[PDB]
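one piece of my complex first, more on the way:
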Amino acid sequence: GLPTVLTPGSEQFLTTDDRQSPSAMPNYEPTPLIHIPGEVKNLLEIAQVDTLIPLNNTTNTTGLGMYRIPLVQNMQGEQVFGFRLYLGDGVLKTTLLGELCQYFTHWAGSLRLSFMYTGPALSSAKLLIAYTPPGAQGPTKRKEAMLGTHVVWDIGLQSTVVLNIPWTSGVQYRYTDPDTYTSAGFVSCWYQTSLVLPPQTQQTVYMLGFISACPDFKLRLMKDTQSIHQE
Amino acid sequence: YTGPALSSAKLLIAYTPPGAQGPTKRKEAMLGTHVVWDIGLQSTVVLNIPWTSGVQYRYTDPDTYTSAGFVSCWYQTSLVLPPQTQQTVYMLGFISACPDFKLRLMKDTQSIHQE
Amino acid sequence: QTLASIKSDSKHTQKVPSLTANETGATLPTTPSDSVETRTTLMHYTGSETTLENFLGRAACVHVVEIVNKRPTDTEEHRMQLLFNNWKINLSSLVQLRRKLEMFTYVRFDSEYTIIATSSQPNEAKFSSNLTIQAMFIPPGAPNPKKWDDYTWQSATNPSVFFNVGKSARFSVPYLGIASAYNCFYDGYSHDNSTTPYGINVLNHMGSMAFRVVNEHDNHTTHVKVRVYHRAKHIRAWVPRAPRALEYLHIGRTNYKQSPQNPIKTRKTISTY
Amino acid sequence: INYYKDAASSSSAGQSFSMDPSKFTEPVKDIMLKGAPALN
Amino acid sequence: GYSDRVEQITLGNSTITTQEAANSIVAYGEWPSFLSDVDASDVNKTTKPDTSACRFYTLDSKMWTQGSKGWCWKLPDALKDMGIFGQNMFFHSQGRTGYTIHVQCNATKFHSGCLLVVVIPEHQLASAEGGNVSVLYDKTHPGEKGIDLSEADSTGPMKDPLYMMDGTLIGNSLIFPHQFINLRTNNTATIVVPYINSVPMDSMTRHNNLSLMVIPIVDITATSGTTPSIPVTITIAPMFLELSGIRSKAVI
């Protein structure tokens, strides 16, 4: 009989532990695995897939209206949209990326936004998409927005613009959950020129917002989400 | 020494090993380990207090048995200030471990409390 | 081994190691051999005891909570009545540890926790009960239980620990950042606003640890105190600083009493031995 | 000797280091205890 | 030959010349330098203003008289109005820099007294009110004015220099990079400090890195005459200024 010593933690149940254990079904032979399309190895593979942003989550907006960003006629220098950038909250709370990230405490790495213009082929516009790093409020004017990271989008033949939002942080990781200290700043869009529709045409046109992780996107520590409850 | 550049003094810095009391007189102090400090151009004197012990370790906490003796300073000559000058001047004392300094066994301090 | 001292005989020279200038900020090393004649002798010492690792590597009580086994009362939240008790993690609570950590500006380590539960029955209980205690780690942004038996306790993604009263749990937690080192102090704000809170509380987002008595209500109230101990591992620290002299008032603050007691004891005269 | 894979689970090894007090005692640019005057 | 007490510091388009100085200090034995490619987490190409910012700026001098308690400045805050450096602090999300700090205090051979100049990283201040009261932004960001420990302020930080506004005795503050100005010998202190943080780069406005304190350990005095009054001048320069994340000027 080998002398042994027990240590603190003996017989504890730790839900994150990994140990070997006896099989309840000795010599069992599992059903052979066949090729099934769509195998997933990492959640980060999923995080890189674009999903829609319910950006127009305004009061009294219903149905699919939340995923439609209105653009209209003769607006110049006006704000199209804007939101404080949160990963596990705000307008991104219910996105795929958002929900995946709600399972993690910390997040680092760049994000991508993209916008699809769905208006008439004969229409045109130029939009400014801008990102304002932490340490400032707003922007409230295009003149402020242009001082951040931005792209001017020529809504022409190609319908989609991609804005890569860089990891503008002095902190290696930010919190997924809302946090003043590690806040990610703001995202906004302004009319660079204006929406122009064919003569005598008056209507609202829309664009769709999308979000995905960049290849450099990182998630650090798993946790439960706040997006589900049970009685 | 932080007094006037025009001032001067000589101080005796002395260490008295365990097994004696005082010193009460300079004549006693001079019999221990000492240095005479010429307070001139360089402002700082360093006195290395040797491990004058028959015991390999002393207690950090007050202890008669392992007491470390006494430190004292005497006016070797006197403080001399420029003519017609009358004032107190000061010096600052510093302490540090020598390269041979050793600490042997960790314990809680008595310098903090909590309710 | 190395020498503590090297034999040195009487000197009469131009080199004077005994004179310097502390104004430089230097603390140039000197030895007894610079002031007195000396015998050659060995250190017989490695300094192992004084390593940072050994200093901050001893377990210390961090926090104590109390939870009970009691029939829920309709009029009180399960936090008002201690059926469940969520500790916000902060090593500053029990100040002996706090000082040892505050001695450095930046500290990095992995943590090891030990959790010990003890029950008591101050009432007319007819028998003891070795209650099962659950601890759940709740990272920032994770759901905070509302009820002792809430869905949150499923711990689908939250690390959790189960142990019995009289037993203990032990586990390691890797350095949680988010920075490259933990800050002991923070001379700043969460953001640029006059009314924003000042100090390390800004950065202390380690989440919280929820405790629960797993067992259903018995026929009497049982009180369980859970003591959490912490030990650092693989410890690195930067920029040492002077230890606090005055009594601490509140967690995360360097505040002290408006009329503090001078830490320095006095004597009748500078000449008193 | 290691039973777990996370580094955090390892024991508090175990590697001593030499001392380097010069960071705190001799940060002063270009000096040495030569017995030479500190300021000249 | 050369003497340690005589030195010239050239930085950008500015110089400092000293004749009575103590050897300068390079805090923790390390020079200021730029962020490496293995430290950085910021994907944005950084800006290096060099000369335009990395030059000496002088803060309004303060008078040292008997009874003075000492003064404290915060960095980078103290330089927030200093030309380009100042402006860069508000146009960038984050930045990184070391400093060269010079404390100057002239006197004659008939004067005595001694200042302690200490640079304290992350000097989290105690509120004057004690209790659980925090210190307001306005009182931790005085800019050039600094904090005069001689001036009462019921909403400010603790002022009594015995404790360096944090419950820690001044006697042990010498653990921090420091230098004395002993009017007997040197009349200036010089300290070079590398960027120190847990984060590669950080906000230049919501957070200070260094706290520069100058405390009259020994009161100023003359051999004769009335209470002396000697100005104390502080000159500070960014060493390796690296900036990132350009955006609309911060408003605070």
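That came in fine, so what should we check first? Numbers count the residues shown, from 1 in each chain, chains lettered A, B, ... in the order given.

check the secondary structure at the residue in the stretch 1-150 of chain C that chain A sits nearest to for me.
Closest residue of the stretch 1-150 of chain C to chain A, Cβ to the nearest Cβ: residue C:141 (2.5 Å). Backbone N, C-alpha and C define where each C-beta goes, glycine included. Following DSSP: H, G, I helix; E, B strand; the rest coil, we place residue C:141 in the coil state.

tell me which element the residue nearest to it when sequence neighbours are not counted is part of?
Spatial nearest neighbour of residue C:141, chain neighbours left out: residue A:177 (2.5 Å); criterion: Cβ to Cβ, 6 or more residues apart in numbering or on different chains. Counting by DSSP states H and E, no helix or strand carries residue A:177.

what is the neighbour count of the residue of the stretch 1-150 of chain C closest to chain A?
Around residue C:141 there are 25 other residues, counting by other Cβ atoms under 10 Å in any protein chain shown.

and the gap between it and chain B?
32 Å (Cβ to the nearest Cβ, to the nearest Å).

state whether residue E:109 is indeed within a helix.
No: applying three-state DSSP, one finds residue E:109 to be coil, outside a helix.

and the residue lying closest to it once chain neighbours are set aside, how far from residue E:115?
Counting by Cβ to Cβ, 6+ apart, residue B:5 is the residue found nearest to residue E:109 once chain neighbours are left out, at 3.8 Å. According to Cβ to Cβ, to the nearest Å, residue B:5 and residue E:115 sit 15 Å apart.

touching, residue A:115 and residue A:129? I think so.
Yes: using Cβ atoms under 8 Å, residue A:115 is in contact with residue A:129, at 7.1 Å.

name the residues contacting each of these two.
A:153, A:161, A:189 (Cβ atoms under 8 Å, 6 or more residues apart in numbering or on different chains).

how far away is the second one from chain B?
So that's residue A:161. Distance from residue A:161 to chain B, by Cβ to the nearest Cβ: 59 Å.

got a list of what that residue touches?
Per Cβ under 8 Å, 6+ apart, neighbours of residue A:161: A:114, A:115, A:127, A:129, A:151, A:153, A:155.

secondary structure class for the third one?
At residue A:127, secondary structure determined by three-state DSSP is strand.

contact partners for it?
Residue A:127 sits in contact with A:71, A:80, A:115, A:152, A:153, A:155, A:161, A:189, A:190, A:191, A:192, where contact means Cβ under 8 Å, 6+ apart.

one more: the last one?
With contacts taken as Cβ under 8 Å, 6+ apart, residue A:155 has the following neighbours: A:117, A:119, A:123, A:124, A:125, A:126, A:127, A:161.

buried ones among these?
Buried members of the contacts of residue A:155, counted by 16 or more other Cβ atoms under 10 Å in any protein chain shown: A:117, A:119, A:123, A:124, A:125, A:126, A:127, A:161.

the third one and residue A:196 touch, don't they?
Yes: the criterion here is Cβ under 8 Å, and residue A:123 meets it with residue A:196 at 6.4 Å.

tack on chain F:
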Amino acid sequence: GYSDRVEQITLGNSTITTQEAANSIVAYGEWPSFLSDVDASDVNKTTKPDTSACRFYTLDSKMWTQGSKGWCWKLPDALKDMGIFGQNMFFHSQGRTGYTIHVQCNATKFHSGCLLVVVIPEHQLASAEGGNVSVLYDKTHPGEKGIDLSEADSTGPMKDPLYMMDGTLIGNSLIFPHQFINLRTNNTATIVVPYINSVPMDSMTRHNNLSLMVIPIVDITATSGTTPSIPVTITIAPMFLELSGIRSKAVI
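With chain F added, the chains above now look like this:
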């Protein structure tokens, strides 16, 4: 580099540090050393107390004021009460030693005046009474007190410093190992003296070897103020102390 005016003397467990000194003197160009096997006539194995005796001892300081005539100490007598050295003088029949002698006298740049420090071997003193009167033991062996040339004593030695208590003019005393303390420059004198005798070893009590005299050639004075008074401190150490002939403590 180094300057001649700055020096450290380490001896036994004691040190002396000077910043304003003249180059020390080694009398007659020879260092103190131990008796060789071709000098000795004493068959008794000698004792070499080393550190226990060969350390600096300080004699009670005397004040230098205008009108002071100077002072004289006899060696080894002056050290007869100095701890171990002292005791060894009485427990041994004979002994041998050289000395290091330090005369210290601090002053400011507003002071002037000059001491002459002379070590005179076999300084046979003239009696105050002149004639054929000898000087009594008691007056040649004052110990630490020394002989104050300013103090009248009808039974003591001649006191007028013009002649160094022996009918020989002071002007020519510079033939002996000597050094000046010119308050203008140095503030201390250092003289190292080898054992000097016709006999390898000798009594430590019936005979002195050296006579240390300190004479204010130029009276102490200040540029302004009242008559100055500056202490003169003398510190002396045995160099190579060699003893022989242990016996019951001498009683005198």
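
now the helices: where do they sit in chain D?
Taking DSSP state H, the helices of chain D run over residues D:22-25.

any idea how far the most centrally placed residue in it lies from residue E:221?
Nearest residue to the geometric centre of chain D (Cα atoms, centre = their mean): residue D:20, 3.8 Å. Per Cβ to Cβ, residue D:20 is found 40 Å from residue E:221.

try residue E:65
10 Å.

identify the contacts common to the two.
With Cβ under 8 Å, 6+ apart as the test, residue E:65 and residue E:221 both reach residue E:228.

those two: which is more packed in?
residue E:221 (22 against 14).

other SSEs contacting the helix or strand containing the more buried one?
In this assignment (DSSP H and E), residue E:221 forms part of strand E:210-222. The criterion is 3 or more Cβ pairs under 8 Å, 6 or more residues apart in numbering or on different chains; DSSP states H and E, and the helices and strands that strand E:210-222 contacts are strand E:57-65, strand E:71-75, strand E:99-104, strand E:111-121, strand E:229-238.

so whichever helix or strand comes after the second one versus strand E:57-65, what angle?
Read in the C-terminal direction, the helix or strand following strand E:71-75 is helix E:83-91, with elements assigned using DSSP H and E. Using axes from the mean of the first three to the mean of the last three Cα atoms, to 10 degrees, the interaxial angle of helix E:83-91 with respect to strand E:57-65 works out to 100 degrees.

related to what we said a few turns ago, got phi/psi on the residue nearest to the centre of chain D?
phi -140, psi 70 (degrees, to the nearest 10).

same check, this time on residue E:245
phi 80, psi 60.

quick one: the nearest residue to it once chain neighbours are set aside and chain D, what's the gap?
Nearest residue to residue E:245 in three dimensions, chain neighbours excluded: residue E:93, at 2.8 Å (Cβ to Cβ, 6+ apart). For residue E:93, the distance to chain D (Cβ to the nearest Cβ) stands at 31 Å.

helix/strand/coil for residue E:93?
strand.

now for residue 138, how many residues are close by?
Assuming you mean chain A. Residues near residue A:138, counting by other Cβ under 10 Å: 15.

wait, chain E was what I had in mind.
12.

name the SS class of it, please.
Per three-state DSSP, residue E:138 ends up helix.

what's the closest non-adjacent residue to it?
Residue E:138 sits nearest to residue C:194 (Cβ to Cβ, 6+ apart), 5.6 Å away.

report the contact partners of the one residue in chain A that gets nearest to chain F.
Closest to chain F within chain A is residue A:170: 48.7 Å, counting by Cβ to the nearest Cβ. Shown in contact with residue A:170 (Cβ under 8 Å, 6+ apart): E:42, E:93, E:94, E:199, E:200, E:201, E:202, E:203.

for residue 36, grab phi and psi.
You didn't pick a chain, so chain A it is. Per degrees, to the nearest 10, the backbone of residue A:36 is at phi -120, psi 120.

oops, I was thinking of chain D
phi -80, psi 150.

noted, bye for now.
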